[PDB]
Ligand code: HEM
Ligand code: HEM
Ligand code: HEM
Ligand code: HEM
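In the entry's author numbering, the protein residues as written are 1 to 107.
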């Protein structure tokens, strides 16, 4: 069994790094993120060669690194997509979880 890394994983392929914590996501199945590939949950870095390596943010197909972290209507849920769903219409949760600035994700 794969073990979940500690907290404080820095995601830094772009100019706006974000910190991922496995602890605050304990209510999500590993599989909602480390999703099935060729019938089998894949645990390599999202941005691996042949995976979401398209660094062109005005690129909307399955390969886009920006797309998979922010887009709605994606087969598996993006960071922003699932957060929009958790926040509902609560203004405080929308700012912390879905805000583009001054949120838990981006300064
Ligand atoms: C519409 C709302 C948002 C805007 C406009 C925004 C904008 C951006 C931009 C411009 C970048 C850098 C992409 C590059 O230059 O190639 C980025 C990266 C990123 N954003 Fe956002 N962001 C938003 C909200 C959020 C939130 C709330 C989350 C998390 C739940 C988040 C997760 C990320 C991730 C994980 C990265 C990539 C980190 C890296 O590897 O450097 N974003 N975002
Ligand atoms: C016990 C539960 C889970 C397992 C076993 C697990 C395991 C892992 C492992 C082994 C890595 C490091 C991979 C690498 O850098 O080689 C990883 C990274 C990370 N995990 Fe998970 N995780 C689980 C749940 C989650 C969930 C629910 C999500 C989000 C809600 C998540 C999102 C990520 C992200 C985005 C990374 C960093 C990927 C990269 O740096 O590109 N994980 N986790
Ligand atoms: C934490 C890890 C990862 C994240 C956050 C992530 C995110 C996503 C999202 C949101 C989608 C749907 C895109 C859309 O519908 O347009 C997707 C699909 C896809 N991703 Fe990932 N991904 C990760 C890891 C991987 C890696 C390592 C691979 C390659 C082995 C991979 C290959 C694919 C493929 C092939 C698709 C289409 C899946 C299908 O059509 O069943 N993903 N991913
Ligand atoms: C790369 C992956 C994503 C990013 C970067 C990310 C970022 C984080 C952030 C920064 C927090 C606030 C707590 C802390 O700082 O750790 C958090 C909260 C959480 N996220 Fe994510 N998230 C991601 C994926 C998603 C997805 C895909 C889901 C589930 C499908 C989700 C569900 C939640 C929930 C339920 C919480 C707790 C909200 C509450 O305590 O306020 N997240 N996320």
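Virtual Cβ for every residue (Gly too), placed ideally from N, Cα, C.
Residue(s) in a DSSP beta bridge with residue 78 | In the chain shown, the residue the question calls residue 78 occupies position 78. Paired residues: none, contrary to the question.
Taking the CB atoms as reference points, tell me whether residue 39 and residue 21 lie closer together than 8 Å.
-> By one-based count along the chain shown, residue 39 stands at place 39. By one-based count along the chain shown, residue 21 stands at place 21. The answer is no: Cβ separation not under 8 Å.
Going by C-alpha distance, which of 63, 5, 92 is nearest residue 78?
-> One-based indexing of the chain shown puts residue 78 at position 78. Among 63, 5, 92, the Cα nearest to that of residue 78 is on 63.
Where does residue 69 fall in DSSP's three states?
-> To locate residue 69, count along the chain shown from 1; it is residue 69. Helix, per DSSP.
Residue span of the beta strand (DSSP E) that contains residue 102, given as start and end = Position 102 of the chain shown holds residue 102. Run containing residue 102: none; DSSP gives neither H nor E here.
Below 6 Å from a heavy atom of ligand 2 - residues by beta-carbon | 2, 4, 5, 9, 11, 20, 22, 25, 28, 30, 32, 33, 34, 43, 44, 45, 46, 47
Length of the line joining the Cα atoms of residue 94 and residue 71 = Within the chain shown, the letter at position 94 stands for residue 94. Within the chain shown, the letter at position 71 stands for residue 71. About 16 Å.
Is the Cβ-Cβ distance between residue 100 and residue 68 less than 8 Å?
-> Taking the chain shown and counting its residues from 1, one reaches residue 100 at position 100. Taking the chain shown and counting its residues from 1, one reaches residue 68 at position 68. No, they are not a contact pair.
With DSSP run on the structure shown, which of helix, strand or coil describes residue 31?
-> Translated into positions along the chain shown, residue 31 becomes position 31. Note: residue 31 maps to helix in three-state DSSP.
Have a look at residue 92 and residue 48 and give me their C-alpha separation to the nearest angstrom.
-> Position 92 of the chain shown, counted from the start, is the residue given in the question as residue 92. Position 48 of the chain shown, counted from the start, is the residue given in the question as residue 48. Roughly 34 Å separates the two Cα atoms.
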